[PDB]
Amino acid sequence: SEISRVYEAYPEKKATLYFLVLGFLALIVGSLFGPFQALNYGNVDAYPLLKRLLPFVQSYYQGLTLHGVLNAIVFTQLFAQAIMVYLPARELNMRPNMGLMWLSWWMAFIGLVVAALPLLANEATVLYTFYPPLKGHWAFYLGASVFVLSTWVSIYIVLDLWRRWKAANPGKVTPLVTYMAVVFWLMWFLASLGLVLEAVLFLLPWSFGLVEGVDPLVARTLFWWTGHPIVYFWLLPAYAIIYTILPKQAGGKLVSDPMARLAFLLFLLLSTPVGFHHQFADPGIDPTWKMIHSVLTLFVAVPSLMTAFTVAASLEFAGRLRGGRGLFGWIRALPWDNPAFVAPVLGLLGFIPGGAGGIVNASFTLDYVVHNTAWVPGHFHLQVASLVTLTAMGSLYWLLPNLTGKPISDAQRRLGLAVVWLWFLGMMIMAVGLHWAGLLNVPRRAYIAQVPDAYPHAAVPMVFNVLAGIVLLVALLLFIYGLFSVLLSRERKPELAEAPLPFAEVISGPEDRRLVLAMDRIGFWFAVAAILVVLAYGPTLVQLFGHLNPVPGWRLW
């Protein structure tokens, strides 16, 4: 019972679409709270209006929980599951195990619904970090658990694809996209153990009534074991696209296959053993171990430093082929008329200030200046809310058609450019406002508009936050308008749903071989990555678990 012959031939196409759509709906709902959160930091209180529109909303904090959960956890995971399964599938021209693929979609969907209920009902206003003793409803923890476990099935799917491909290509080096996807998912598996341990040992039995207390320090230590690598889990799908698809949209090629493999390999190795950089201000964790994690964190920056040059060089290369002039001629030669190109490029621009912020936050002692201030949210909207989101939005121009056969008129393409420029512009203005306010000690996760006279010295930066909130509100509205104008049309050219993905060609060299061959020893590198996690977390976790001090839960909303 399939009306589409294209879907019979390429079923993964349908499962991917369901992951994407579910992901953008989540993005839209969670993003609605953004403009209000921005006005709030602009010292303007627009919640009574939101409360009038969305009556179920009981407070600033419930809305902030929905914001972080729907945007940073749901949208990003579904986008990753869609990209890091579909791209490798199309690259290898191999079919994922479809019984498992649809099973992973149902787990995400059922898990999302189950958790959404308590959230929408004000039963778990504990933010996307859900730190104990703050105690949320059991359906929130159970829903999230299932939602996240959906990824374990995704991991299995790709490793299966990989194993099957290696059996039909003895002695061949893993193709690039598949390579990124495999080290990506293996990294995620190691990374997720922290959260799984937290949920299985404490959170779940705690919310079900089995135990009455939970040690806060070990709960957040386990949380951050997963906490940091998850943002790389959000990032790498964007990176896969930027390395293997963007160069093509730009009119060029990826200038180095080996470099892209190396960046991803470094991520598999250094993404997980750095969680203490989210715990610099915590007690009970040895300062030496913090320094060590601070160092491993600076190293994890290396992969992105490489990415910066490799991508920039590929863009310059593309710009030259298009008739690139001098030191900046290549920049104007690029296709600024194509949203699939522009969205991610702008995302990369703001990623510079973003990464700089991160490097600051990672310098142990320097975190004491900005920890828990508006500076942190300033940092990450430049990383996930801009680079990741823009790349995802921009990729809708080639991805949506490839999955539905629905064309994109010139009107939609231009609406898309307006949405992309506004979102980017809006995010930049907000970054300035939040960073500034952060240096002015304004805390984050605070409904400060409710205490008007609490931060007078943040006068001008509050203005920037009010502007951003308005700009982004407009952008969001246009995105919705345009997204639905595309998913609600019936024009359907099945031939474009059958076109291949716009993968870019990759320039290769002579020295590649032996380096590329060493990096393909995945089993070896996996074990190495695992040993580092045991060495960076083992010593501390053994001591915490020998002195557990669980405390009673609380509901303060």
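When you see a residue number, it is the position in the sequence shown, counting from 1.
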Of 373-381 and 457-465, which one has the bigger average CA B-factor? 457-465
Could you check which stretch, 477-485 or 199-207, carries the larger mean CA temperature factor in the entry? 477-485
Going by the deposited entry, which of 88, 229, 329, 143 has the highest CA temperature factor? 329
Candidate residues 70, 64, 529, 507, the one whose C-alpha B factor the record puts highest: 507
Position of residue 164 among the chain's modelled residues by C-alpha B-factor, lowest, middle or highest third: lowest
Cα B factor band for residue 19 (lowest, middle or highest third within the chain): lowest
Ranking every modelled residue in this chain by its Cα temperature factor as given in the entry, which third contains residue 7? highest
Temperature factor at the Cα of residue 400, chain-ranked in thirds, falls in the highest
If you rank the chain by CA B-factor, which third does residue 441 end up in: lowest, middle or highest? highest
